[PDB]
Structures are given as structure tokens and as C-alpha cells.
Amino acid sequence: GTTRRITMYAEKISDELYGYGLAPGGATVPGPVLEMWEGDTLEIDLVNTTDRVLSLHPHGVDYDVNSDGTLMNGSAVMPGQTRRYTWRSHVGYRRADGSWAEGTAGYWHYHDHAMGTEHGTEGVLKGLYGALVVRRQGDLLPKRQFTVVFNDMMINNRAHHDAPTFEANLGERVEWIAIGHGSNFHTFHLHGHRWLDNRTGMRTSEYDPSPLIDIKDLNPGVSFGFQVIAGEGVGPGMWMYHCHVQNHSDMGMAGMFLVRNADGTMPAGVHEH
């Protein structure tokens, strides 16, 4: 594995919006997608530019308490200060007792654990969250990568209805990372596409039992990911993704997966400005 070091900025975007970024003034909601290969180490300097206590906490990666991102463990960041966080990962290895310790690979995420409560409630509400992708050697890689976060009644903290439009060309390999947050329950559904329900979303071997699905529970704290071939067997056009909970979709958690023609030209019913 390799050791990588990055600086991450926590910034107030607006009254309602706090976010993480890889450069000063570049914070986004959702935050940047962080990638590691199993066994890599990532070291992050979290620069808190805000007037709030806040922090950084991951899922799935190896971290000790001093990296856990909680006030309880002395791991948060005071306003105008920087904290070093250290995330490790490992390949699968055999234990002395005969058993198998699984490698770190999976679709994970990170987010504030310190802002407004010990559980980071206000931090998450206002957008400090981001995808953490830990790859196993040999995993297939995407042309396009989308992070979808159902945060309470919001998709990626967008306004009443502006749900992100995610875009691909017909036939491209597309990676969806999906993360739930907040106090609300959701079900993530994508029209016209489907994946196997397992780590990568695709068949690993003839013995793989996993069912094919077009929809999956996305609850607070939960993350998964998968890959599809854009418009495979269905063609291009505007493909809806949304929360299948009926009053939720009506309140606007619905958005478009836009699949253009292979050459990148717009499909039938679309009006370009």
C-alpha cells in the first residue's frame, strides 16, 4: 500500500450550508470523493475555517480513537484550528485462529461527528458528508462517478426541487455511490437500470447468490455503491432516480440520470440552452 497526504478545508458556504473541500474556497456538498486501494494510508489535515466546532469521521477504514472525530475522544477541531486525521486500510489476511480478517474494500463515507451534538447532527444536516471509496485490487473503474446523498428530505442538500442531474453517455461505465443521512427513512430507486446486491454490484463468480435489484433501503448512516452500463438494453433519455417513498418523491426527492447518445449528443425530448 501507499501513503497519501491531503489537506481538507471545512467552510461555511452559506447560512444553511457547511462543506469540505480540497482547496481554499472549493468546498462542495457533497464533499470530494476520497479513494484508497486496500492497505493504503490516507492522512488528512482538516482545516476548520469556521466559527463552529466540527470534525471528520469515516466508516469502514481503520482508525484509532484519536482519529474518531468525536469530542468524547478529544478528536474534534476547534474553530480556526487544524487537526491531523489518519485513516488506514488493509488487504484480507489469515488470523492465527484460522479465520479470515476481511480487507477494507467497500463503498464508505465520511462526515462530521462534532457539530451541534456529540453525533454531528447539525454538521450532517448542513452538508459535511462525502464518499469514501476503498478499492480492492482488480476492481473495475468507472468513466463517471456520482454521489447521491439522501439527507433528511434533501438530495445532496439541494433546494425545493433542484435535484442533481447526473449525466453519462450511452454505454459508459457509471459508478453510483449512495449514502443516507438524517432522521428519515428512504428507498433509493433508479429507472431503467439495475445491479446485483453485493459489494461491487456485479457478478463475482458462478456461485454468487446475490439477487438482482433496482431499489435498496438507504437509511441514515448507510452507504452502498454499484456500477451500471448507461442505457444498457434500455437506450438513452431522461432516466428518473428517486426515493420510492411516495410522499418523499412528491416533496421532490427525485432527479434525473441523463443518458445521452454514445457520441454525447442530447436525446429526443431534451431542450438545450
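Residues carry their position along the shown sequence, with the first being 1.
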property: Of 262 to 270 and 3 to 11, the one with larger mean CA B-factor; result: 262 to 270
property: Stretch exceeding the other in mean C-alpha B-factor - 92 to 100, 120 to 128; result: 92 to 100
property: Per the PDB entry, maximal CA B factor within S183, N198, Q137, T187; result: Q137
property: Member of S55, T28, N247, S210 with the greatest C-alpha B factor (per the PDB record); result: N247
property: Chain-wide C-alpha B factor ranking for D45, given as lowest, middle or highest third; result: middle
property: Third of the chain's Cα B-factor distribution that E232 belongs to, per the entry; result: highest
property: Third of chain Cα B-factors occupied by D217; result: lowest
property: Cα B factor band for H161 (lowest, middle or highest third within the chain); result: highest
property: CA B-factor placement of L34, once the chain's modelled residues are sorted into thirds; result: middle
